[PDB]
Amino acid sequence: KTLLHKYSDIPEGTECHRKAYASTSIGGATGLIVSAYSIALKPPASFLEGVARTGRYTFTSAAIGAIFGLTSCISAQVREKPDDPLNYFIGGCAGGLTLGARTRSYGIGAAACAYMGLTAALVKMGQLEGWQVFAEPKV
Amino acid sequence: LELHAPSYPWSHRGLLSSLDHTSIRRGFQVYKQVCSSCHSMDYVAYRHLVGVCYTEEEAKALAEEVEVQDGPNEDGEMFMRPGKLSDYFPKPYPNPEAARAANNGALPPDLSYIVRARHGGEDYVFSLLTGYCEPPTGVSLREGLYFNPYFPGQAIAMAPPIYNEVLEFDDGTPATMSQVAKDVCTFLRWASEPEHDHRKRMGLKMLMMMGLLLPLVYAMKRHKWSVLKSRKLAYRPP
Amino acid sequence: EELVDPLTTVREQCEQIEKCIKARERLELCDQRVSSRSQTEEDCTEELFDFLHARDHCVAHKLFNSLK
Amino acid sequence: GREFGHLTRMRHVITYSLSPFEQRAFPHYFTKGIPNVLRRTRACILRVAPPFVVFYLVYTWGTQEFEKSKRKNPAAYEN
Amino acid sequence: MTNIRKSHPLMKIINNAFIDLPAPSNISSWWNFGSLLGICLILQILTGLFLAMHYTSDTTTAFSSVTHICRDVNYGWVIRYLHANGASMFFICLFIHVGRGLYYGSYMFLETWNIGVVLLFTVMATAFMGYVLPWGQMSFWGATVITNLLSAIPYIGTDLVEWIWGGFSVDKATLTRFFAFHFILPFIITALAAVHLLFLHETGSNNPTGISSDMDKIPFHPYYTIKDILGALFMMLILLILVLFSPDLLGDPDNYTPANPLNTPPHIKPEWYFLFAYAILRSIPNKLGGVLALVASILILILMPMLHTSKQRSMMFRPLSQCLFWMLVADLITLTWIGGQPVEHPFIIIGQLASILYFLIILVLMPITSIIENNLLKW
Amino acid sequence: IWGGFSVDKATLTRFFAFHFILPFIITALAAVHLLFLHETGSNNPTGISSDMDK
Amino acid sequence: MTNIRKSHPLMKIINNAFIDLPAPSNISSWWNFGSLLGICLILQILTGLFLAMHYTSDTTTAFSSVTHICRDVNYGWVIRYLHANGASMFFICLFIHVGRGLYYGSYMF
Amino acid sequence: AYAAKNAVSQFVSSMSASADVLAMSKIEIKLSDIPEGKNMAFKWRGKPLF
Amino acid sequence: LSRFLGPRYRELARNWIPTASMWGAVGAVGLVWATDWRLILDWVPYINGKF
Amino acid sequence: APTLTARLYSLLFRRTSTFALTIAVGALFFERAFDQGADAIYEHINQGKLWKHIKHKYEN
Amino acid sequence: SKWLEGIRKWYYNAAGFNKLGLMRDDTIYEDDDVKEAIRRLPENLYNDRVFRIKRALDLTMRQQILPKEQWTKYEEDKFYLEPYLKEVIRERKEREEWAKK
Amino acid sequence: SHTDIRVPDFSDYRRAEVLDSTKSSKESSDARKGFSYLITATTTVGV
């Protein structure tokens, strides 16, 4: 949760380098978890193969996070509109393009751009409007 | 700490825009009736305003208004002459030290190149003229110094030089402080860059000529290089 | 009459703007702080700089339209 | 010294050329040109861009830090 | 009979140089900057000759002379601003050509490269002397700052600086000497450029691939003459954009105030082409160390051929060296930006690190990376 | 050439500039001169070819 | 190996021009004037460049600037009169040179 | 060698400070024309003298 | 430097050191003579008369 | 049927003397035409500002 | 070995001499040793090198790359010049050693 | 030998007038040369 607090604490549209670093850390953590699950469920033939798979997944996730944070913060700075979800959408589409590049497929890139950008815009909207993915029971 | 001047939408900001010579004429009125007393324009002469904002007859009449010292006569003594279009704008003070003495130890800068000299150009002058304000809390001004936020240091020897109805324009335009500052800034821009409109015209002509020539010269280069570009090389060993 | 300069009207309009209003409030707070202290060396020049930056940025867009 | 006749020895290389007047100066200039430009940019960008991105980050950080340095510090006047 | 072009002596030289010169067919548009540099030199010479017909080197009349050229000489502003911005175009092309030689291994042409280094130094001297001529506040104070650096030289710095000044401080003598030197030096530059072309023609011209192109040599006349004319037209487009739309974009406004030796300008910064050396100089705290570092920045180019360790001449086929080269370019841009900026907390550390990085990239990182690439290729 | 109605400041400045530049053009024309002479050698006081005695 | 004077391009040009140029053995002192003309050109250029360091071309300051060169400048009078009389030496050598060309039929080149 | 030394020295000295500058080397400042509490700046040796 | 590290080159250096030292002295005297370096020239007896 | 460009080639472009005649006459007429057109363009862009536009109000 | 081979293959593909049809030795800087090695090459190899270099230069002239099917593979790249260059460098080293003493 | 290689097709690069292989090129030579030299003449006039 400390990484999420790190990403949130940096003001939007400011300290773009720190925001990119936080996004990269989050992407790396997610990639590490995915790599652990992949190694367990689908066993790697060798320790070197497991390390290669972990590195590939982690680098892809970290690149996605870094591109998302860098592009979103830079767009927020240049447009100068901090709370606009379009910045998050641009960052998400850039992340999807990065995923397509890492997977060396155009179709993956385009589908990821659309879906990931929309999800990031929705996340920004949830920040602005106070949407709760997990709601404390209040009845 | 300094306050950068806002970028006002001057008419001449356009890439191919020209100074409004009506504003230049009113700015010359403003200079000759307000600024000339302290500031000077050594590098501008009445002849320079003969096809810009005043006619030749008007320019000569303006020159004849101001007396000018003339080369010594047969007796060997200098004398005062009515003034001629060749003569440059009269200098307000005989020497810089006298100007400093008149203005509390500060030398009123020459306004011939002021717009180019100062960062911000006409925007800086406009803001400084219209930017006088009461000294901020915690800031104490020395005797003879007026707080102007835009001026570096925020302390200026010049007193608020433009006020409503400082002068009456010949055109009849209302003599508001903003209008006077705008006209004077336009005139100063003309002074610093008397070739502004001609530069713009030459720029338009050069842009069109380049738009014509570059595609044609590129076409010539392509015509010559097509032989190499389409070349097909085949290695046929024995 | 008094030939109300368009600068007065435009700066009054700009003062009725969120950035100008908040800058003015900060300026007022620093004014109270500096006035209270007997021998403080602080000044309100920076807060005035913020307020005037916002106000005159608005005035840049508005003023010249009036001046003909 | 360096003249066309004796520059180098080459054998069995046949070259076919066409007259400039028989061929179009701009063949498929956009249909083929834009994809090739995109390919070259794709190849170059990864190597070229990152350093200028680093420069942009450094420039923004330096400008913001200088602006902050000029700004007043409330603690100095607390007493 | 014989063709006059191939048999007449002057026509023989001209033909060998620019009509029948065997030129690589794959030279890119980065091979158009040098001819653009020669065009810039010729344009500077002509515009300056026309300017000097109206310029007086006395301190009383220099600034008034420049104002006379701008406001009273017919089309004088065109000539003056053409000269001012042509100097900037000159240095832009100079830097681009240095970069092209670095990237494509053209420094392996040792004689041409060293003559080019000499030419770069001469052109920088010419530009610095020219800036003093208008005699604005920037000219006077920048000359004072730069010339005073020579005092750091031990046991002869003061005497040398006074000899250059012509006196105790920058004054009428310095202005007249600088006008004379500014006039003479460009022709020396032309002769050095002739030697440069002679040495280049001895070895031919390197192609982007870095491989010998004797097989694919094409005549220069029906191909590179028109390519260079097109490049010159593009450069003229840019220069005229500067001259006719932003005549003062690349110049400090303070030089439009007459020089006052008793009051310094708020910011004393050199011309943009000199700003990286200025940043390097300010980086080193000691004055003599700063002067030596500023000298080494340009003189490091002399060591470039020795530092080469790649089995491949060009960087086209070496990616990591490409990454390092673009890091170097970004570092040079950063040094220019820092040199422009005031000396303060954020900028000082950036400038020091940037200078360290410039020297590190040139001397250490690049050769070790080339060795690593050689190992990776199994060479 | 005068730069005006008569000889004056413009003429003097022009002449200083031209006077400065021309000697260098002379220094280049001299090199062309020597190239042309080297093509044909140097004549002798006799005026008879001296390839035998060089 | 090779001789650097022959092999090197600039050294080759200098060698062919001045060092090992085939020269007639009988060319008399009248032939010396051309090199004297080159020496005069070099001396004039140097002296005029050192004069130009102290010469202002404004009509107000030109005569006073030459007087400054003569009086105040250190050894300035030597330079100024070297330039003045070097012009005369240059023209004397030019006339003798053209006379040699006319008398010995050098115009056939 | 003697002749060349003399000529080169002559030119180099010609580039050196002239008689007028050396005459301006030393400056006389008239005190009692500067009021108490005032700093008078004079150009001596081409640089501000306080 | 790899090529010029051998017994012959060390012998070659010894042969040319006397010539290099003599030329260095020629440069030292020429510099002092041309610059009239009073520091060095004061020691020399007859030239000392200059100052 | 010869095209317009073929007629141009045969009449003028083929022999370089006629080519240069075309070039020079076109240069004269193009100087006139382009100067007129671009001056009109700039005057329209700045109509009412240029002194020429406003000279009448103050002359006579 | 496999890890080193993978990184070497990555460098091979990252460098573009394969894209232009060139082999690694085609891209070597022509120093004097390399010039002698080329002079010693058998005629077939010399002609193949000349044509490959010419084709690469033509492709670079038009800023084009060879079709991906025709790219030189890392496995099939043959170091033709390396033995001749090694022999030349050995001869030069022997001569230098003799010169040393 | 020399009879086993035919000049590669240039049809994609060829101009429209000379695309057909059953039509004399002399018919269109004037038009093509005129177009190229018209480009040249216009460039010269602008210069």
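Per-chain numbering from 1; labels A, B, C, D, E, F, G, H, I, J, K and L assigned in written order.
Convention: contacts are C-beta pairs under 8 Å (C-beta built on N, C-alpha and C of every residue); 3 or more make two chains touch, one makes a residue touch a chain.
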item	value
For subunit C and subunit G, chains touching each	none
Labels of chains that are neighbours to subunit C and to subunit F	none
Required minimum of steps from subunit A to subunit E, each step between chains that touch	2
Innermost chain by mean C-alpha position	E
Geometric centre distance via CA averages, subunit L-subunit I, whole Å	74
Subunit E and subunit J, separation of their C-alpha mean positions in angstrom	40
Chain centre separation (subunit E, subunit G; CA means) in Å	32
Subunit F residues counted as touching two or more neighbouring chains	13, 16, 20, 24, 36
Set of subunit K residues in contact with two or more other chains	16, 47, 50-51, 54, 58, 61
Per-residue overlap in subunit A, given as positions that touch at least 2 other chains	none
Subunit B-facing residues of subunit D, complex	12-20, 23-27, 70
Contacting residues of subunit L [partner subunit D, same complex]	5, 7-8, 10, 12-15, 18, 25, 29, 32-33, 36
In the complex with subunit B, residue positions of subunit L that touch it	5, 8, 10, 13, 36, 39-40, 42-43, 46-47
Interface residues, subunit E side, partner subunit F - complex	9-10, 49, 52-56, 183-184, 187
Of subunit K, residues touching subunit I in the complex	96, 99-101
